[PDB]
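A.B. asks: begin with these chain(s), straight out of the complex:
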Amino acid sequence: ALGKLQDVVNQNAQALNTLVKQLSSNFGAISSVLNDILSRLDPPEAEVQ
């Protein structure tokens, strides 16, 4: 019966997780971590990715 409510929660929760997981995505960049790119590439090169 409470699904309607539970449903909502999950959606919201679900969204956040997706959002968080997007931080683990390259999107074409060499890496998904900014610090790694900065440490491994100079700003002229790093900025591209």
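C.D. replies: All right, it came through fine. Numbering: from 1, shown residues only, chains lettered A, B, ... in the order given.

A.B. asks: apart from its neighbours in sequence, what residue is nearest the residue nearest the centre of chain A?
C.D. replies: In chain A, the residue lying closest to the centroid (Cα atoms, centre = their mean) is residue A:23, at 1.8 Å. Spatial nearest neighbour of residue A:23, chain neighbours left out: residue A:32 (7.1 Å); criterion: Cβ to Cβ, 6 or more residues apart in numbering. Yep, even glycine has a C-beta here, placed from its N, CA and C like the rest.

A.B. asks: wait, the one you found sits on residue A:22?
C.D. replies: No. Using Cβ atoms under 8 Å, residue A:32 makes no contact with residue A:22, being 9.3 Å away.

A.B. asks: who has more neighbours, the two?
C.D. replies: residue A:32 (13 against 10; other Cβ atoms under 10 Å).

A.B. asks: so how far is residue A:26 from residue A:43?
C.D. replies: Going from residue A:43 to residue A:26 by Cβ to Cβ, to the nearest Å gives 19 Å.

A.B. asks: let's put chain B on the structure above:
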Amino acid sequence: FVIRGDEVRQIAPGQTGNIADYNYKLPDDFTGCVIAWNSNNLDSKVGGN
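C.D. replies: Following on from the chains above, chain B is added here:
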């Protein structure tokens, strides 16, 4: 200023090198024009300039 031919590429936005790092750096948002012309007849000495 005066450089060598190989260094000509270094004179540009988003460039790295001895000249760019230590001698003359351009901003990433640089607006202007770069004009480089050989000056061998003017800047070369037989014994070494």
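
A.B. asks: tell me how many other residues crowd residue A:19.
C.D. replies: If you count neighbours by other Cβ atoms under 10 Å in any protein chain shown, residue A:19 ends up with 9.

A.B. asks: what does residue B:17 give?
C.D. replies: By the criterion of other Cβ under 10 Å, residue B:17 has 13 neighbours.

A.B. asks: what's near enough to touch it?
C.D. replies: By Cβ atoms under 8 Å, 6 or more residues apart in numbering or on different chains, the contact list for residue B:17 reads B:7, B:10.

A.B. asks: just to revisit the earlier point, quick one: the residue nearest to the centre of chain A and residue A:43, what's the gap?
C.D. replies: Applying Cβ to Cβ to residue A:23 and residue A:43 gives a distance of 22 Å.

A.B. asks: returning to what we had before: the residue nearest to the centre of chain A and residue A:14, how far apart?
C.D. replies: Distance of residue A:23 to residue A:14, computed by Cβ to Cβ: 16 Å.
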